[PDB]
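Take a look at the structure set out below.
Residue numbers count from 1 along this sequence.
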Amino acid sequence: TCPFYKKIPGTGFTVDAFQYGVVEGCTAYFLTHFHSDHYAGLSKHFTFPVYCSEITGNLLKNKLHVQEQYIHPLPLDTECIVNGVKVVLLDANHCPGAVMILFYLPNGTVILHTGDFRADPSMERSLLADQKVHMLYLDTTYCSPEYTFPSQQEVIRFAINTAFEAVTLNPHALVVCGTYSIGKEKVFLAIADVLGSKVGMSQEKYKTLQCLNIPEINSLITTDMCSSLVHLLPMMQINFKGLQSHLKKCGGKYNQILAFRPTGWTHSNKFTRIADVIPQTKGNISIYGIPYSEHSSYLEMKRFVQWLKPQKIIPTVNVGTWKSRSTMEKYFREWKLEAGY
Ligand code: NI
């Protein structure tokens, strides 16, 4: 059945709740972003109102064929009324089109649902600064102190310098980047930019990127693989067998592959600096795992919450085990006692 942490009290609303059939008493279904664990269940047969960002509404219409009459896109940073309730959508710093949602309940309670987010100090100067938030529905993906990672900027600097060095030493090397969803476009776009190439990809993935309002996208991407020396492949193909196979397909245009797997966290982070990352190599193929995260680190999460000072926290991730739930609640209490709220 629909879990309680997907329901907004005092409303007929649900958030990221499309796989439970008709939720009893739901008058409006919000979708925070276009990732499959969140949209699971949506299709051309859905007939209730879906509220989302413009970019997520492009993806619903073009990729899932949801009929236009049930898509309700909202502008960001704008007070809007939905079924008699004031809401605002805020940038979540996750994938393209991802939002946080502020609900202003008729009784005076204010609720923030973060969706999936990467907390940032820039959020401390949005519409969030203007009033008190009483309840926080929090993306707790990496809510444990072992989760450290570098800034997105540091990671992109490493990837640009590594690619440019490799291809300038060997003009016959191919760069490959893995993907299995929207998000992390900066990885492949920044590398293609330093190399003076477009990124080549399948027709399905090009379609997906054409929904994202990225400026000058027609100048950066293409479906002509032959004209491109940065290729995008499914994340499943980023292994020695998959890459050997792909190289055969390029017809002796290339004699080396340098591949990137933008993972979330991996335990080489508790020890290793970004400066010190090395690839796995077999023959003329090298694979780099880079810690490009679109979720908060533990410290980023902790700073956001100690700034916001919510009265109650409801985790949305890692809620399926008692040991995880109990561990999170201990951190929440620590943060509250340290900060004084
Ligand atoms: Ni997500």
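- Remark: side-chain polar atoms of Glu338 are not paired, donor with acceptor, to backbone N or O of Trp335 under 3.5 angstrom.
- Scanning for salt bridge (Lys or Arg N to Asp or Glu O under 4.0 Å) contacts around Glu54 gives an empty result, with sequence neighbours left out.
- Taking both residues in full, the closest heavy atoms of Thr223 and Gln203 are given as CG2-CA, 4.1 Å, listed atom of the first, atom of the second, then distance.
- Counting heavy atoms of neighbouring residues, nucleotides and ligands inside a 6.0 Å radius, atom CD of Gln69 exceeds 12 of them.
- Of the inter-residue distances, the one linking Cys52 atom SG with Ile71 atom CD1 reads 6.5 Å to the nearest 0.5 angstrom.
- Taking 4.5 Å as the limit, every side-chain heavy atom of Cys177 sits out of range of all side-chain heavy atoms of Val199.
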Exercise for the section: Apply side-chain hydrogen bond (donor to acceptor under 3.5 Å, both in side chains) to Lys198 and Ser227, showing your working. Expected result: CA-CA 8 Å; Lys198 297 195 190 184; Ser227 72; over 6 Å; no

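- For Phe304, the ring-ring contact (aromatic ring centres under 6.0 Å, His included) partners two or more places apart in sequence, or in a different chain, are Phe117.
- Residues that satisfy the ring-ring contact (aromatic ring centres under 6.0 Å, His included) test with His33, not counting sequence neighbours, are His35, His38, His94.
- The pair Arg118-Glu294 does not count as a salt bridge, with every side-chain nitrogen at least 4.0 angstrom from each carboxylate oxygen.
- A donor-acceptor pair under 3.5 Å links the side-chain atoms of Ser228 to the main chain of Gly200, judged by distance alone.
- By the neighbour-count criterion of 12 heavy atoms within 6.0 Å, atom NZ of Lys323 is sparsely surrounded, having that number or fewer from other residues, nucleotides or ligands.
- Aromatic ring centres of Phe13 and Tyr29 lie farther apart than the 6.0 Å criterion allows.
- Taking the six-membered ring where the residue is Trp, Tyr142 and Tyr147 present tilted rings, their angle falling between 30° and 60°.
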Practice task
Go through the steps for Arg261 and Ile290 under the test side-chain contact (heavy atoms from CB on, under 4.5 Å), then give the verdict.
Solution key: CA-CA 6 Å; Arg261 294 187 342 90; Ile290 57 173; over 6 Å; no

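- One hydrophobic cluster, built from ILVMFWY side chains closer than 4.5 Å, cannot hold both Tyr180 and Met236; they sit in different ones.
- For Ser43 (side chain) and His45 (main-chain N/O), a donor-acceptor pair under 3.5 Å exists by modelled atom type.
- For the salt bridge (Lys or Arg N to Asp or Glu O under 4.0 Å) condition, no pair includes a residue of residues 160-179, sequence neighbours left out.
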Exercise for the section: Step by step, work out the side-chain contact (heavy atoms from CB on, under 4.5 Å) result for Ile257 and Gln244. Expected result: CA-CA 9 Å; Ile257 281 172; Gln244 278 160 211; over 6 Å; no

Practice task
Output, in order, the C-alpha distance, side-chain angles, deciding distance and verdict of side-chain hydrogen bond (donor to acceptor under 3.5 Å, both in side chains) for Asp224 and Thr222.
Solution key: CA-CA 5 Å; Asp224 184 352; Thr222 184; 5.4 Å; no

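- Remark: the backbone N or O of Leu60 is not paired with any side-chain donor or acceptor of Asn58 at under 3.5 angstrom.
- Salt-bridge annotation for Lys302 and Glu334: absent, with no side-chain N of the basic residue lying under 4.0 Å from a carboxylate O of the acidic one.
- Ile191 approaches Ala163 most closely through the heavy-atom pair CG2-CB, 3.7 Å.
- The shortest side-chain heavy-atom distance between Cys95 and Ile182 falls under the 4.5 Å cut-off.
- Put simply, the side chain of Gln280 does not reach to within 4.5 Å of the side chain of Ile285, judged on heavy atoms.
- Between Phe103 and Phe30, the ring centre distance stays below 6.0 Å.
- Atom CZ of residue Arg303 and atom CG of residue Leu308 lie 13.0 Å apart, to the nearest 0.5 angstrom.
- Heavy atoms only, all atoms of each residue included: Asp130 and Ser126 are closest at OD1-O, 3.6 Å.
- Listed by first and then second residue, the ring pair (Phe, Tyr, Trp, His ring centres under 6.0 Å) pairs involving residues 159-179 amount to none (not counting sequence neighbours).
- When ring centroids are compared, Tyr39 and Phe34 come within the 6.0 Å threshold.
- Between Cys211 and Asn62, the shortest heavy-atom contact is SG-CB, 3.8 Å.
- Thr266 places no side-chain N or O within 3.5 Å of a backbone atom of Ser268 that could act as its donor or acceptor partner.
- Between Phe260 and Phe188, the ring center distance fails the sub-6.0 Å criterion.
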Handout entry: side-chain hydrogen bond (donor to acceptor under 3.5 Å, both in side chains) between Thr281 and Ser286, worked out
Key = CA-CA 4 Å; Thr281 296; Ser286 293; 2.8 Å; yes

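- At a threshold of 4.5 Å between non-hydrogen side-chain atoms, the residues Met301 and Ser297 do not count as touching.
- Heavy-atom contacts from other residues, nucleotides or ligands closer than 6.0 Å to CD1 of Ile278 number 12 or fewer.
- Contact of the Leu90 side chain with the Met123 side chain is not registered, since no non-hydrogen atoms from C-beta on lie closer than 4.5 Å.
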Practice task
Apply side-chain hydrogen bond (donor to acceptor under 3.5 Å, both in side chains) to the pair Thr32 and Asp16, showing each step before the final yes or no.
Solution key: CA-CA 7 Å; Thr32 62; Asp16 299 350; 2.8 Å; yes

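- Pairing each heavy atom of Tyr20 with each of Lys6, the nearest pair is OH-CE, 3.5 Å.
- Taking every heavy atom of both residues into account, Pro9 and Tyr137 meet most closely at CD-OH, 3.1 Å.
- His134 places a side-chain N or O within donor-acceptor distance of the main-chain N or O of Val110, the cut-off being under 3.5 Å.
- By the salt bridge (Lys or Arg N to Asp or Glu O under 4.0 Å) test, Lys44 is found to be paired with no residue, residues two or more places apart in sequence or in another chain being considered.
- Between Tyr298 and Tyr331, a ring centre-to-centre spacing shorter than 6.0 Å is recorded.
- No side-chain heavy atom of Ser324 sits less than 4.5 Å from a side-chain heavy atom of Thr327.
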